[PDB]
Every structure is written in structure tokens, then in C-alpha cells.
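Peer 1: Based on what follows, work out the 3D shape:
(2 chains, ligands or ions: 8)
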Protein chains: 2
Amino acid sequence: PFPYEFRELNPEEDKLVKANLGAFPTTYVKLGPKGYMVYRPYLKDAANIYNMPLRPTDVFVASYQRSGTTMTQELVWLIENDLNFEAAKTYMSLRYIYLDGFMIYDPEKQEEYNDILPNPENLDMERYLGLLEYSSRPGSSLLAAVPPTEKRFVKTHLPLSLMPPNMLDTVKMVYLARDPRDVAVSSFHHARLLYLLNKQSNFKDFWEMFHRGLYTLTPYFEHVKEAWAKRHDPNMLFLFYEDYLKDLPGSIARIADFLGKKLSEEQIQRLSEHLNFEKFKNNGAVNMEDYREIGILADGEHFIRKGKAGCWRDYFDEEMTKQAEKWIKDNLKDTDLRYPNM
Amino acid sequence: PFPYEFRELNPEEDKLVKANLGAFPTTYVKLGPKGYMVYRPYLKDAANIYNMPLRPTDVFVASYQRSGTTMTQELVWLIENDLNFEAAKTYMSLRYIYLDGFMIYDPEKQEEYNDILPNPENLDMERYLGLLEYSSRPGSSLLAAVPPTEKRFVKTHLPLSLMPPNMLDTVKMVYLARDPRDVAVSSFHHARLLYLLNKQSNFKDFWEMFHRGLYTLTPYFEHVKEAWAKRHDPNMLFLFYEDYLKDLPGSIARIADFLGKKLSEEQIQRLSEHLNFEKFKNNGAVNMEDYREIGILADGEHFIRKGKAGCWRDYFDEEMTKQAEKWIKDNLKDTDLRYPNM
Ligand SMILES: Nc1ncnc2c1ncn2[C@@H]1O[C@H](COP(=O)(O)O)[C@@H](OP(=O)(O)O)[C@H]1O
Ligand SMILES: Nc1ncnc2c1ncn2[C@@H]1O[C@H](COP(=O)(O)O)[C@@H](OP(=O)(O)O)[C@H]1O
Ligand SMILES: CC1=C(/C=C/C(C)=C/C=C/C(C)=C/CO)C(C)(C)CCC1=O
Ligand SMILES: CC1=C(/C=C/C(C)=C/C=C/C(C)=C/CO)C(C)(C)CCC1=O
Ligand SMILES: [Ca+2]
Ligand SMILES: [Ca+2]
Ligand SMILES: [Hg+2]
Ligand SMILES: [Hg+2]
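Peer 2: Residues are numbered from 1 along each chain as shown, chains lettered A, B, ... in the order given. Ligands and ions are numbered 1, 2, ... in the order given. Below you will find the coordinate block:
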């Protein structure tokens, strides 16, 4: 009973997209009345995700990407698992199901994906083919494969409107937002990390695409505003990335309270030390460096990258800065939505 | 020591021009005893252009407009640059100096030019002002600014009589001629393209003006006859547009030999494929679509349009057709100038 249509990109939209992602085989469509950008393969599973059976022990960590998902995942996993740090040494990608991870790969275009790499011959092919096959599996079927006697930890960048309405009746969700200018920067570098972008494009080209609602799972503010509207719900915790930076212990204590777990001061500090940036970036369980072994990550880029707020000012000229200002102001008019650092 | 005088259009001439181009702020004068139609700002540089210092490595591509100039510029530039296709990816407007480009713009009438656009609010104003400023720079001074250690590639629609006499003692020139009926049609669509025409004017009105010597840089036949009289000079290569369509490889071979290169069959075929109409129309380095981004090109027109010979028959009624026959006949009488397809 899926209520949304999709439409093709128009010429002006295709041109902005091509200038950033013209080589990349997976194309986009706009989904529903907000025109959320999904990679085409998402459509085959869209109705299944909209009707996915949920369970009372499910926990979700949701965000527009590059907004503090990985940090939160670790925190929530450890807190739910009685601070069992040993058990958390397993890869994050085996500990959470990535609901919408599949959509980026179209199995119909298998050949085209490794033309994107500068050194295809140096791939560990067994792990690469293993990765392609895993990514062929729709997220809904991944979710459903977990036995009911195992707590399901779910990661998604999908907006609330593409999942079951009233899912929060059943499941708990922690949602992260972050200043979109820093989101834009981090998303630029993350696209470079996975070879999504043309080498000839620059960050301003990325910005143009991002703030106009033409990158993956934007419009950005619509995505945030959907969660913001449900923040009052006892089963939603809306956090800001920037509060992790200002007050990590305070943020952890909020998450623990939200999830029903009492923690001592000593346990919060240990959790906080564990999320120290330099330590976490060196953590093979969460830093995605296992994928570099496979040969699909680009030189220079890292999945855990800098860990700062406000460094967008390094990338924005005076023109882009005024474009960001106008865009943010228009989108915060007639709402109580405010960002902590802004 | 400029030997020519100019006159204003008489009332009868003025009525006809004003009927087609009156909205356009830049007006015409007739220059010299043949009465070449020049936009008025030409006069401030006419003497400098008549006396421009020339250099033995200069190459000129000259024509009455819409006669195969752009294709020729590309072939000439690649042959001289050892078929370095990569370096040819820069805009043609940065690789050639347009000698007479400036004359279309009168800096005194700055304010009046954007008023001709249906949507002046959507100009990229930085790029639009940069274009105005560059067009204020007289052609001669642009040529003189190129250092002597860089080869000067020059594009012009000027007749030989307006440039230094005996220029062919020093420089090489490729001149293109084309069936004037097709030149007319192309010229009408190009006028539309840059918003030169009154939208209430039709092609017949354009033809009236064109074949009577009252459009830009006509009289048509006088222009062509000047170049044709020089076609046995070792530094003039006179080509017909129609020969590009019939035998593109043969034309390329004539150009390469003229420029002092001995190309192989394989190289000529590569240049030929590069000049395939559809590829070339979609070649952003030469199709002028960069100006559409500025906001100064009319919807439904393109600088690279159809690329056919003989399609003037779709624009000419039976009377215009005989008027064209009489005009060509009168002008080809007592000369050996003949066109391939005629
Ligand atoms: N422990 C930590 N402390 C601070 N920032 C962290 C972190 N772990 C990851 N990050 C950051 O969070 C951003 C990615 O979030 P997500 O997990 O949703 O993809 C990246 O931001 P930057 O690119 O600005 O460095 C990254 O460096
Ligand atoms: N590669 C190509 N092959 C054939 N015609 C071309 C071409 N590139 C440009 N043209 C054409 O040459 C004409 C313009 O010449 P110029 O470069 O001197 O302005 C236009 O003619 P049409 O309007 O009949 O299509 C255009 O379509
Ligand atoms: C980029 C890329 C691939 C995979 C990309 C993946 C798994 C990206 C995951 C990104 C994440 C987890 C971002 C943070 O949420 C394939 C392995 C599917 C194949 C080819 C490719 O280019
Ligand atoms: C038409 C026009 C302008 C410019 C026109 C140009 C650069 C035209 C070039 C035409 C060519 C290359 C014709 C064939 O060689 C300005 C940008 C100078 C300003 C106003 C205007 O109407
Ligand atoms: Ca391949
Ligand atoms: Ca004006
Ligand atoms: Hg900073
Ligand atoms: Hg034709």
C-alpha cells in the first residue's frame, strides 16, 4: 500500500547532478511529494520498507548522513549491551543492519562499478564480490533475517516518511542532526572516499548540488524537520552532533536515560574516553579501514576524518556563505528548529 | 592612413534595417566604396585593424559568417597543435581571437542591451559584465597582447579590403564560402539566437535585407569575390562549406597540406570523426552553450544548428526563389566563381 510516486530528474537537475556524479553508474529519482533523492535500486524495496514488521526491542539510529551516526551507534550498542567492550570489538557493520545501504548498488551495472577504481587489478576479488552480493540484498530482507531472540540494532539515513508511520509506537529511535554546512563538507569527502565524484568537480559544485536538494536523501531540512516534529515522543531522542563536542558525558547520560539504563559516573567517563576522536578513528571495529584492504576506498580520505564543528568556513567563499545564510534562514522561518552552535 | 570613408544609411535603406534590427541598440554605417555594413563601433578600430602588425606564424580563419568558420577553427587548431585533442578541450573563444567581435557592442549604450532579453533578472551578472568588458576591448589590441612566443589564431568575418593590403605576404588564411541562400537561413536563426531580430520579423524580411546588402558585413558577393581573387596565392586556402559535407577527409587533407603538415590516412579519419556533426554540436568546447548559462541565448536556437546544405528550399517561396536565382546569376556573371552544389 505504498502511497508515493517517483519522478525523473528534469534537465537543470540532471546537469547539476552529472557535474558531480556523472560517471557513477547508480542514478537518482525523486520520491514522494518532498522529492527525496534515492538511488534507483531503492524502488524495488521501497514498499517493503514502508511495511516492514517491527518489534518492541528494535532500536534505530537515524540521521541525514555525516551527522554523528557512527558515534551514536557505538554508544547505543554498548549501553544496551551492559558496557561489554570486548563484544563491541566486532565490526559495526555486523552489529547493525544498514537498512538503506543496498540502494547505492544496481546489480544490473556490476561491470560499471569497478571501472570507477584507478587500480581494479589490486582488488581482493573474493571480498569485493562478497561485498557486491551482500549489497544486492534489500534492506528489508536483512532486517527480517535476524531471529526474534536477537535484539535488532538498525542504522538508516531514510526519512521518517519512508518508514512505517507510527513506527515509534513499537521501536526506539535516536536521531542525529548537524549544521548542514559541516554536513555538506563531510558528505563531499565521504563521496570522494567511495569514488562517487568526478575528480574534476570541486566542493562548490558539491555544495550547489547539496543545498538545492539534489544529493542522496535530501532535501536536507525536510529530513530533519520530520524527526524534529516527533521529538516529543517518548520513543524518540533528537540529538545534535555539536552537543557531542560540547558535552560528551551529558549526551551519553541522556542516551542511557532514554534507553532505560542507569549508568554510574565511572561508566559514562569510560564511555566518553572510548569515543575520544583519535582513539575512535584508530578503532578498526568502527573506522571502516577493513574496506581499504578490499581496495575500494580512495587515498587521502577516511571515514572518521576530523571531528570538528565550524570548519565549513574553510571551504565557503563569501558567495556560498550568503547562499548558506539565506537557505538556513528560509528553512528556519515559521519553526522552533534551532541549531546549538548557530 | 585609412583610405575609406563611411556614410549613414539613406531613408530607404534605414526603413528596411529598422524593420528587422531596430530594437537592437547598435546601429550600422556603410564603410568604403563597396558599402560593407559595419556596426558603428567598428570605426574606432578600423584604422588600427587596417594597419595591424602581423607575424609570420599568424593563421586567420575568415568567412562571411555562418559559412563553416567554427569547424574550420577546430581543424586548423588541432593540425597546428599536433592533434593534441586534450588541449583542444578549452573553449574556442580562448583559443582564437575574434578580430571583429567587438563591434557589436557600444559601451555608450550599456544600459540598453539587457532590455532586449525576456528575463534580464536571470543574468549571471558577473559573467555578463565580464563579457561586456571583454567586448569593449578593440580587436587590434587583443591581437597585439598575445606574446610573440605564442601562435596567434585569428577568427574574422572582415573582408580582405578592411585588413592590411598584402597581409597574405605574411600570414596564412583559410577562407570559407557557402551557398548564400543557406548562409541567409543560418544567419536569420543566429540573429534570433543573440536576440538581434525583432520577434515580429520573419525570414523573408531577413532575406530582403540580406540579399540587398544591408545585413552585417554584406554585400555578400563582394566579400567572397575578394577572397576568391586571392585563391592561387600560396597563403590563401579558399574552401566551400559544401565540400565539408561531400568529402570531409579531402578537405582536411587540403587544410593540413596548406599548413605544412603531412598527415596519414589514420590521422585524417580521426579529425573527421571529431567533426561529426552530432558529436561537435554536443562539444561544449565549441557549441557556445556556455553563454546560455550567462542568460543571453534565445530558447530554441543553437550556435551549432542542423549542418545541411540545400535546406534553404524549406524557407523560400517561389518568388523569393527566383529573386535569389536572379541575384546569384547577376553576381556570377563574368566571373569564374562557382559553388559545388549549385
Ligand atoms: N568519536 C567521534 N568524535 C567526533 N566526531 C566523530 C567521531 N566519530 C566520527 N565522527 C565524525 O562524524 C562525522 C560522520 O558522521 P556519520 O557517522 O553519521 O557518517 C564525521 O565528521 P567530519 O567529516 O566533519 O570529520 C566524523 O569525523
Ligand atoms: N561539424 C559540423 N558539420 C556540419 N556543419 C557544422 C558543424 N559545425 C557547425 N556547423 C554549421 O555551420 C554553420 C555555422 O558556421 P559558422 O561556424 O561560420 O558560424 C551552422 O550551419 P546551419 O545553421 O545551416 O546548421 C552550423 O550548424
Ligand atoms: C561505493 C561502492 C560500493 C559500496 C559502498 C558502501 C557499502 C558504502 C557505505 C557507506 C556508508 C556505510 C556510509 C555511512 O552511513 C560497492 C562495494 C557496492 C561497489 C562499488 C562502489 O563504488
Ligand atoms: C549579443 C550581445 C553580446 C555579445 C555577443 C557575442 C559575443 C556574439 C558572438 C557571436 C559570434 C561568435 C558570431 C559568429 O562568429 C554582448 C554580450 C556584447 C552584450 C549584449 C548583446 O546583445
Ligand atoms: Ca568492469
Ligand atoms: Ca537595462
Ligand atoms: Hg573549525
Ligand atoms: Hg536539405
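Peer 1: Residue A:159 - nearest residue in space that isn't next to it in sequence?
Peer 2: With sequence-adjacent residues excluded and distances taken as CB to CB, 6 or more residues apart in numbering or on different chains, residue A:159 is closest to residue A:223, at 4.7 Å. (Each C-beta comes from the backbone N, C-alpha and C, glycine too.)
Peer 1: quick one: residue A:218 and residue A:210 touch, right?
Peer 2: Yes - counting by CB atoms under 8 Å, residue A:218 does reach residue A:210; the two are 6.6 Å apart.
Peer 1: what's next to stretch A:272-280, contact-wise?
Peer 2: Applying CB atoms under 8 Å, 6 or more residues apart in numbering or on different chains, the set of residues contacting stretch A:272-280 from outside is A:71, A:74-75, A:78, A:85, A:244, A:248-249, A:252, A:286-287, A:304, A:307.
Peer 1: how about it, does it reach ligand 1?
Peer 2: Yes - interface with ligand 1: stretch A:272-280 contributes A:275, A:277, A:280 (CB under 6 Å from any ligand atom).
Peer 1: how about stretch A:244-257, does it reach ligand 7?
Peer 2: No - residues of stretch A:244-257 contacting ligand 7 under CB under 5 Å from the ion: none, with a closest distance of 10.4 Å.
Peer 1: can you list contacts of that stretch?
Peer 2: Against stretch A:244-257 from outside (CB under 8 Å, 6+ apart): A:68, A:71-72, A:75-76, A:79, A:174, A:237, A:239, A:243, A:262-263, A:268-269, A:271-272, A:275, A:307-309, A:340.
Peer 1: Buried by neighbour count, from the residues you listed: which ones?
Peer 2: In the contacts of stretch A:244-257, burial by neighbour count holds for A:68, A:71-72, A:75-76, A:79, A:174, A:237, A:239, A:243, A:263, A:268, A:271-272, A:275, A:307, A:309, counting by 16 or more other CB atoms under 10 Å in any protein chain shown.
Peer 1: out of those, which are inside strands?
Peer 2: A:174, A:237, A:239 (DSSP state E).
Peer 1: Could you export these as a markdown table, including distance to residue A:191?
Peer 2: Shown next, in a markdown table, are these (distance: CB to CB, whole Å):
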| residue | distance to residue A:191 |
| --- | --- |
| A:174 | 25 |
| A:237 | 28 |
| A:239 | 24 |
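Peer 1: Do a quick rundown of the strands in the stretch 151-300 of chain A.
Peer 2: Using DSSP state E, counting those that start in this stretch, the strands of the stretch 151-300 of chain A run over residues A:153-156, A:172-177, A:236-240.
Peer 1: measure the residue of chain A found nearest ligand 8 to residue A:17 for me?
Peer 2: Nearest residue of chain A to ligand 8 (CB to the ion) works out as residue A:11 at 28.7 Å. To residue A:17, residue A:11 is 11 Å away according to CB to CB, to the nearest Å.
Peer 1: Between those two, tell me which one has more neighbours.
Peer 2: residue A:17 (19 against 7; other CB atoms under 10 Å in any protein chain shown).
Peer 1: Quick check: the more buried one touching residue A:209?
Peer 2: Yes - if you go by CB under 8 Å, residue A:17 and residue A:209 touch, sitting 6.4 Å apart.
Peer 1: What's the local residue count around the closest residue to ligand 2 within the stretch 101-250 of chain A?
Peer 2: Among the residues of the stretch 101-250 of chain A, residue A:200 lies nearest to ligand 2; the distance is 25.1 Å by CB to the nearest ligand atom. Residue A:200: 9 surrounding residues under other CB under 10 Å.
Peer 1: what are the phi and psi angles of it?
Peer 2: Note on residue A:200: backbone dihedrals following degrees, to the nearest 10 are phi -80, psi -20.
Peer 1: Go ahead and list the helix or strand containing the residue lying closest to residue A:221 once chain neighbours are set aside.
Peer 2: Nearest in space to residue A:221, with sequence neighbours left out and distances taken as CB to CB, 6+ apart, is residue A:331 at 4.2 Å. Per DSSP states H and E, residue A:331 falls inside helix A:318-332.
Peer 1: Run through the neighbouring helices and strands of that helix.
Peer 2: helix A:180-193, helix A:203-211 (3 or more CB pairs under 8 Å, 6 or more residues apart in numbering or on different chains; DSSP states H and E).
Peer 1: List the contacts of that helix.
Peer 2: Residues outside helix A:318-332 that contact it (CB under 8 Å, 6+ apart) are A:180-181, A:204, A:207, A:211, A:221, A:312-313, A:316, A:338, A:342.
Peer 1: Any buried residues in it, and which?
Peer 2: A:320, A:323-324, A:327-328, A:331.
Peer 1: For the ones in strands among the buried ones among the contacts of stretch A:244-257, could you give me JSON lines that also reports distance to ligand 3?
Peer 2: Output for these, formatted as JSON lines (distance: CB to the nearest ligand atom, whole Å):
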{"residue": "A:174", "distance to ligand 3": "15"}
{"residue": "A:237", "distance to ligand 3": "19"}
{"residue": "A:239", "distance to ligand 3": "17"}
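Peer 1: Now flag whichever of these is closest to ligand 7.
Peer 2: Out of these, the member with the shortest distance to ligand 7 (by CB to the ion) is residue A:239, at 20.3 Å.
Peer 1: Beta-bridge partners for the closest one, please?
Peer 2: Beta-bridge pairing for residue A:239 (DSSP bridges): residue A:176.
Peer 1: I'd assumed residue A:173 was in contact with it.
Peer 2: No - counting by CB under 8 Å, residue A:239 does not reach residue A:173; the two are 10.9 Å apart.
Peer 1: on that earlier part again, of all the helices and strands packed on helix A:318-332, which one is nearest residue B:110?
Peer 2: Distance to residue B:110, taken as CB to CB, is lowest for helix A:203-211 among those, at 29.4 Å.
Peer 1: Give the other helices and strands that that closest one contacts.
Peer 2: On the basis of 3+ CB pairs under 8 Å, 6+ apart, helix A:203-211 makes packing contacts with helix A:11-21, helix A:180-193, helix A:318-332.
Peer 1: so does stretch A:309-327 get close to ligand 1?
Peer 2: No - using CB under 6 Å from any ligand atom, stretch A:309-327 stays clear of ligand 1, coming no nearer than 7.0 Å.
Peer 1: end to end, how far does that stretch reach?
Peer 2: Taking CA to CA, to the nearest Å as the measure, stretch A:309-327 stretches 19 Å from start to finish.
Peer 1: Next, the buried residues of stretch A:90-109.
Peer 2: In terms of neighbour count (16+ other CB under 10 Å), stretch A:90-109 has its buried residues at A:92-93, A:95-106.
Peer 1: sorry, back to before: and ligand 6, which of the helices and strands packed on helix A:203-211 is closest to it?
Peer 2: Closest among the helices and strands packed on helix A:203-211, using CB to the ion: helix A:318-332, at 23.2 Å.
Peer 1: now the angle from the closest one to helix A:180-193?
Peer 2: 120 degrees (axes from the mean of the first three to the mean of the last three CA atoms, to 10 degrees).
Peer 1: What distance do you get for the residue of the stretch 151-300 of chain A found nearest ligand 6 to residue A:89?
Peer 2: Among the residues of the stretch 151-300 of chain A, residue A:208 lies closest to ligand 6, at 27.7 Å counting by CB to the ion. Distance, residue A:208 to residue A:89, by CB to CB: 41 Å.
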